[PDB]
Amino acid sequence: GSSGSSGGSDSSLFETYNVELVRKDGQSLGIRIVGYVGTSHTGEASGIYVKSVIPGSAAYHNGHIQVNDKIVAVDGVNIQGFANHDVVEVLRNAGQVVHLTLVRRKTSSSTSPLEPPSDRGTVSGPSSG
């Protein structure tokens, strides 16, 4: 056989995934967030990132959410353009089932996705080329 799934439109460089965390009987999220602004004349970033992960917490236990991650939505809450404080309240409001939305750069330690998209050449089948 041969190898494939190599290369493709640079549209979705990263991959988003949902993480359903569970909160034990009297447990917290245990996820630290950071507010970036990305000043000028610098190679910094901008957005909410996982500063750290409190041990013995839902996040830690789950083993899905860790530092070096960009949160775009919390349990469905589109925190895309939210503020540190605005994000904090969201976490507290969230219940047991917390579906965290993170997006990391593809082609990393992580393992291939489940149903990744394909860059089709708007071709009408073998009718051509």
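All Cβ positions, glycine included, derive from the backbone under ideal geometry; neighbour counts span all protein chains shown. Each value in this text was obtained by applying a stated rule to the coordinates, not by laboratory testing.
Filter the range 97-122 down to the residues that are closer than 16 Å to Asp10 by Cα, touching a residue at least 60 places away in the same chain (Cβ under 8 Å) and not acidic (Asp, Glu), then identify the one that is surrounded by the fewest Cβ atoms within 10 Å (Cβ to Cβ).
By that ranking, first place goes to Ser118.
Quick one: in the range 18-44, of everything that is part of a loop (DSSP other than H, G, I, E, B) and in contact (Cβ under 8 Å) with a residue 12 or more places away in the chain, which residue is farthest from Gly81 (Cα to Cα)?
Ranking the candidates gives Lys24 first.
Evaluate the following for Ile48: is it crowded, with 18+ Cβ neighbours inside 10 Å and under 14 Å from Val19 (Cβ atoms)? Break it down into steps so the answer makes sense when it comes.
Working: crowded, with 18+ Cβ neighbours inside 10 Å: yes; under 14 Å from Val19 (Cβ atoms): no.
Taking the combined requirement at face value, the residue does not satisfy it.
Just the residues that are outside any loop (DSSP other than H, G, I, E, B) and either in contact with an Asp or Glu (Cβ under 6 Å, 6 or more places away or on another chain) or in contact (Cβ under 8 Å) with a residue 40 or more places away in the chain (or both), please, taken from the range 71-96.
Matches in the range 71-96: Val72, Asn84, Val87, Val88, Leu91.
Only one of (1) closer than 30 Å to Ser6 by Cβ; (2) in a loop (DSSP other than H, G, I, E, B) is not met by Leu100, so which one is it?
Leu100 satisfies all of (1) closer than 30 Å to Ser6 by Cβ; (2) in a loop (DSSP other than H, G, I, E, B) except (2).
Of everything in the range 10-36, what is of a type in the set (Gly, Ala, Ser), within 22 Å of the chain's Cα centre (by Cα) and either within 12 Å of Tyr60 (Cβ to Cβ) or exposed (fewer than 10 other Cβ atoms within 10 Å of the Cβ) (or both)? Give them in sequence order.
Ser11, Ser28, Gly30
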